[PDB]
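After the structure tokens below, expect a handful of questions from me.
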Amino acid sequence: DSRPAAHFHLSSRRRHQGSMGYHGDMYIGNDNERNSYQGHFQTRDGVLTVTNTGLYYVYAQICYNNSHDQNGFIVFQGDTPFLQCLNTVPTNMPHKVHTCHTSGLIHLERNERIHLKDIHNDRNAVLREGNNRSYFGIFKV
Amino acid sequence: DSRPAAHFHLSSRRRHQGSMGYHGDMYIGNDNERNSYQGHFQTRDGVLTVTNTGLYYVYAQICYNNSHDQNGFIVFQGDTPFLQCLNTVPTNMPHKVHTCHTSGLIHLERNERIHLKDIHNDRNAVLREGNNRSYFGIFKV
Amino acid sequence: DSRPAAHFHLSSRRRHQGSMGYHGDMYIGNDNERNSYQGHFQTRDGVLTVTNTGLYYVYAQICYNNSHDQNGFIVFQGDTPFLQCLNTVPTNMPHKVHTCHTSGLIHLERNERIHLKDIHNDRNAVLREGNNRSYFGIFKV
Amino acid sequence: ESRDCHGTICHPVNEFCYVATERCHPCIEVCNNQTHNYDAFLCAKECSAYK
Amino acid sequence: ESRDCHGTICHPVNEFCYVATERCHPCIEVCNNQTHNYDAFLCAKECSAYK
Amino acid sequence: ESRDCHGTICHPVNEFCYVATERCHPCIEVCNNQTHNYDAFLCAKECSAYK
């Protein structure tokens, strides 16, 4: 039965142009098979819309697998960057794999939205069906 | 009084052979002295068993203190890897200390189980009584 | 309307001398504008005091931006280090930016306190109004 | 063109205001082909005057 | 013996499919005694044909 | 003065018990001006006898 809570497997990314110069790639999440939140959330194009005003706890994780020294992503409250994660992994070693995880409380009013965007463009991250390395979720407190 | 919530101090590890080639060491957690979850959880050999079906939020953290470039662990839902954390810390510097933290929502049916396993074998991590660097916990949402 | 939950933007730091040789800088957090917890929490000098006994979930994140190989902070339950986060970022590269995030369940009795302190002194971290890189929060479970 | 990066003025040709570090960053790190930090999009959008 | 690592075929003797990176990995990194990445269990189980 | 760092005895002049690693740490890493790990407070409080 439906509950305002959901776990999303990040399965793909889309090019996206933001409000205020945030042009990083938008992460797209697939429902876990046991998700059931009809009437509490709506999801389109990687944007999650909240049905009723409330206080929600959100967690987000991206697993990077590229050569770049700096990587990171942003959780947006509307068009405002609210939560963020960043990693620095130096040297030119090719085998760089690391998860970036963050979380926090976000007060969302009715019809307010959140979405997940990378800081960079075309950065390789682990994206796949049933992803157990990059995921994000939300539940009302 | 008992509540389906618990915080565990990771105090030791055991060699463990998994369902599908996951042969990393199993982490063993000790109860925090204020834990009280009689009738909600059961714990044996590092495996936590859920008494009633429900949606649970789990967090897990391991603090590594070894020389290896790559480290990480897995939270298992049954025998399926569900949550994961990975760190890359390069160079041959001897003083490598880092915490790997992840979390997520896990829908657990009655008698379903979760457990915590490292990706590698015989990797030094901080394990001790009342551990304040490696821990893991769970609570029903 | 007030609820035992709050999200804090870490806006400054203060020199602080601890119970048991913990002399790292104390982090000071500003309320998010939608915080409302009258009668549930009290905050002075970076110390949060809990009004009623209960089980609380806390999350903490500091975004470091300095040259040091090792960085980290501690969440204190009273004067006891309970939660911790640590990062190792090697080499002498000047552009080191990384978030350290941890969380856990803390059973707090009435009038018990928590506070956030760095492991080191005068380490540059991201501290500002409406901080979206270093923050910390709490809510009752 | 504004090189103001959190109060610090970047070099007009050799630097850009990097979003990740919130500091002025050398354009050579993202524009050089041999380096592991090569980023064609960043080099094109942030370091137009470089080289 | 299957060297298929997420579609990529590893070198039959000098590489193994590393669980951490989900990529083909050089056996010398885990089999060499001087390196800080030496892992006797990984070398024994993943790189039997190496050296 | 106790150099006992989790059972390991640090060098009386060249080492200190580092809180971050919970290991004995070389004083030169925090006392040297050229290094990126220079920490004046740590050097003054943990490595009084160094140099």
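Per-chain numbering from 1; labels A, B, C, D, E and F assigned in written order.
The rule is short, and it goes like this: a contact is a pair of C-beta atoms (placed from the backbone, for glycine too) under 8 Å apart; a residue touches a chain by one contact, two chains touch by 3 or more.
A.B. asks: Report which of B-E and C-D is connected by more C-beta pairs in contact.
C.D. replies: B-E
A.B. asks: The B-F interface: which of C-F, B-E or A-E repeats it, judged by over half of the contact pairs being the same residue numbers?
C.D. replies: Of the listed pairs C-F, B-E or A-E, the one copying the B-F interface is A-E.
A.B. asks: What whole-number Å value describes the gap between the mean CA coordinates of chain D and chain E?
C.D. replies: Taking the mean C-alpha position of each chain, the two centres sit 38 Å apart.
A.B. asks: Taking the mean of the C-alpha atoms as each chain's centre, how many Å separate chain A from chain D?
C.D. replies: Their C-alpha centroids are separated by 26 Å.
A.B. asks: When the C-alpha atoms of chain B and chain C are each averaged to a single point, how far apart are the two points in Å?
C.D. replies: It comes to 23 Å between the two C-alpha centres.
A.B. asks: Residue numbers in chain A touching 2 or more other chains?
C.D. replies: Expected reply: 69-70, 72, 86, 89-91, 95, 97, 101, 103.
A.B. asks: Show the residues in chain D shared as contacts by 2 or more other chains, in ascending order.
C.D. replies: In chain D, the residues touching two or more other chains are 18, 20-21.
A.B. asks: Which residues of chain D touch chain A in their complex?
C.D. replies: Per the stated touch rule, the residues are 18-21, 35-37, 39, 41-42.
A.B. asks: What does chain C use to touch chain F in their complex?
C.D. replies: It is residues 67-72, 86, 92, 119-122 of chain C that touch chain F.
A.B. asks: For the complex, which residues does chain A have touching chain E?
C.D. replies: Spelled out, the residues of chain A in touch with chain E are 65, 95, 97, 126.
A.B. asks: With touch defined as at the start, can you tell me which chain C residues reach chain A in the complex?
C.D. replies: Chain C residues touching chain A: 3, 5-7, 32, 34, 59, 61, 63, 89-91, 93, 95-99, 101, 103, 132-133, 135, 137, 139.
A.B. asks: Using the touch rule from the top, collect the residues of chain D that touch chain C in their complex.
C.D. replies: 18, 20-23, 25
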